[PDB]
Amino acid sequence: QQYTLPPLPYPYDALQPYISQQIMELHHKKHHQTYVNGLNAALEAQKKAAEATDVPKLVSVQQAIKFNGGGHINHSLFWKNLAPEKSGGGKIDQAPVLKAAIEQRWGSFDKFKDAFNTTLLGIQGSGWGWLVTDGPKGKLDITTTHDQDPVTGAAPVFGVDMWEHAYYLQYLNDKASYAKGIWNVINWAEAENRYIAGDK
Amino acid sequence: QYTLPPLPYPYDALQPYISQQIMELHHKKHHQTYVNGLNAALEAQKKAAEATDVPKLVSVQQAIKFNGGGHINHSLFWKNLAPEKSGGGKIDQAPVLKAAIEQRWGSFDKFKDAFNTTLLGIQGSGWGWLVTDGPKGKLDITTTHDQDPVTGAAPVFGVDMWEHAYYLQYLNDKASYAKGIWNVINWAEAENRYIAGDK
Amino acid sequence: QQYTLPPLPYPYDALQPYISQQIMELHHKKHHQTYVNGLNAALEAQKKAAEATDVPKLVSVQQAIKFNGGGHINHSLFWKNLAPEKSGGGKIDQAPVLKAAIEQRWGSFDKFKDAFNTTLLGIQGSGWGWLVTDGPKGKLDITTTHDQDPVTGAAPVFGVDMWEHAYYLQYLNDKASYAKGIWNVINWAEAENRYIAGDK
Amino acid sequence: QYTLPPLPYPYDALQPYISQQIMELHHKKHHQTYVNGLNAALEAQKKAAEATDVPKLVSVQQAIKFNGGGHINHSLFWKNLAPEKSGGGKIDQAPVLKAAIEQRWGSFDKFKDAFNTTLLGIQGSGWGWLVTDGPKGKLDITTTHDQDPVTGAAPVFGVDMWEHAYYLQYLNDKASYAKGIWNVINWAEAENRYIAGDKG
Ligand SMILES: [Mn+2]
Ligand SMILES: [Mn+2]
Ligand SMILES: [Mn+2]
Ligand SMILES: [Mn+2]
């Protein structure tokens, strides 16, 4: 099946004033769309190389699958772990199980957020900040992935895109304000489901 | 202590190819940050060394590389850029380098194609560079990721492909960015670096 | 203070037949010594470059500091988390607190060993396998570092060197038998102290 | 279905520069392992692609890179080696390449010293390569980490610097290994690759 761009589960302006409509449109229709197109071409290229038994080609195309495939995976998860304040955005208590696990690990929900913010701001270059679990209702950990590498060896609970294109038009260089503002639109209900499922 | 080097031209001197807004942020915010992070990083490696704390010494390594590289790349960037009415985009002001580029790629135009292709090929944050292996040596196009600086070769000129270098003006259209920056490339500076070939 | 090669806490053949005298001698007197020499040379070059306010040189030397500094750290810890069978080597009961924590995290000591061996055998190229903790008697985790990168952002409990020079003379390509045999000389007494201390 | 290519000479034909024991293990064990690894990774890749499993598709990309790169590298390696009687070390059997090397490094011997230095400078597992940008093009010495294959250039000849390539015979003395392998470099083959200049 040819991969396609998953529609957003809300209007492009539903996350304002935390994430502008302009960013949402470009981020989804341009960047994410590009990763989808790139993934399709890459797999097609890998397919031909495999059929031709061209090892050099198969290995070279590997980076493309990883970059575009990881981009597709990451953004698909990103769109879903966000929501407007009217649809549960920022409603941490709509995730009782995950919230209880978070407080046990970091002491409190707010302490967890400061640690997460710190991690996002510590990412050098393009990357993502993630809250992950080692299984259904498992132990929680904060991790980061570079460029468009996806979370592996664990199940993603929620992610925050730290590529500059995810916030520059609005927050400019002030990524600290983007990080602190995105908390208002985190779809915790979706995070609750991912944590309980603990599906890597 | 390291400091932020002033730009060699007004913040709007590169328009309409690079907006005044980007230059101010890119210089006063981004480059400044690498400068601050570098000083703070070297400070740590110092005390860490005098304390015989290898774990801490190695831990600061990344910060020194990221911020130090950040300081190096941007400092070179500002200098290999120039307004049109001041030599910007004037390839003929680099006789020796131009000739070498024509010999390597067949023509200046073919070199540009190769460079643009390379710039647009960068995944994530990085830089595109033209380098030489020595004074008036062999030319090559390379890239570095994040803020890693060119090593093992002498930088002739670089183009910042980090999103913050063009997003405000070109948005996601990095192709238009690569296309437009050729108009403000300071070839006179590239020429000096090439002839000097200072690794 | 110039860095020097730390003496082994036991004879060169005290670890046989799990690790030959020959390997220990070369691994210690040669490999580790090389990192020590490289570490001193790197820090000296970094100092001169710093004094000369030479950013390029400062940046370039970081790889040597990282590589050699890491090598010194990793092997220094390695010699200490190993011990003759008659001196507590392979005696997990000498690590009551650690063993308990290990049993709670992985269910049992054997299950932990399986997970560790799997991680060790999964390393591509040169690297290390580690059991770390986030703090004194904190949460345990299995991780790996590539080449000579040291454990950072966590406290090392014990590590296993998977570079080929650590086993090739005796096990040749059979790194699986090397992984299995080393558990016999693991100094759990040392791992206990490191875990209880939990010093990052 | 990928298979292990036979050697173009007996297992002891490269002595005393590379022992028979090394050749047998390196070829029959190590190289074979990458072949098997490549075959398995490719099958897992096809199954994931047909199941629309992007996460699984991305994950196996590293195995294709590592094993496929290992297969490519070793296959190139056996062919750019040869017994003294079969053209081993006969640099003048590569007129064009040699002229290019002398023009670049001043002399063939200066080239060898620079290459040895690059080889000894490799950190961890890796390879040393002499490459060209195209047919009878510009020469350059580079290195690749672990089993990464040469990309963006055409491999003229490579020297394996993984410890398994020399430890049994040279132990930690990689310098003597580098200096001895020049005697068995198949320059006739190098000449052909340089003239062809086929990237990959
Ligand atoms: Mn994004
Ligand atoms: Mn920049
Ligand atoms: Mn070792
Ligand atoms: Mn090998």
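For the numbers below, each heavy atom of this structure counts, side chains included, while hydrogens, waters and symmetry mates do not. Residue numbers start from 1 in every chain, and the chains themselves are labelled A, B, ... in the order their sequence lines are given, proteins ahead of strands.
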When B:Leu38, B:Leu57, B:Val150 are compared by non-hydrogen pairs under 4.5 Å with chain C, the top option: B:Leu57

Residue B:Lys174 excluded, over 12 heavy atoms near NZ under 6.0 Å: yes

NZ on C:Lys66 to CD on B:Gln61, rounded to 0.5 Å: 5.0 Å

Heavy atoms of other groups near C:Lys180 NZ, more than 12 under 6.0 Å: no

B:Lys79 atom NZ: more than 12 heavy-atom contacts under 6.0 Å: no

Approximate separation, where rounding is to 0.5 Å, of B:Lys46 NZ and C:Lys47 NZ: 9.5 Å

Heavy-atom check, side chain of C:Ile65 versus side chain of B:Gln45, under 4.5 Å: yes

Criterion side-chain contact (heavy atoms from CB on, under 4.5 Å) against B:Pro55, the qualifying member of C:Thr152, C:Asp199, C:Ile73: C:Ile73

Which portion of B:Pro149 sits near chain C, non-hydrogen atoms under 4.5 angstrom: side chain

Heavy atoms from other residues, nucleotides or ligands near CD of B:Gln103 exceed 12 (cutoff 6.0 Å): no

Greater than 12 external heavy atoms within 6.0 Å of C:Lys139's NZ: no

Contact class of B:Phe66 relative to chain C, heavy atoms under 4.5 angstrom: neither

Heavy-atom proximity to chain B below 4.5 Å, by part of C:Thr53: both

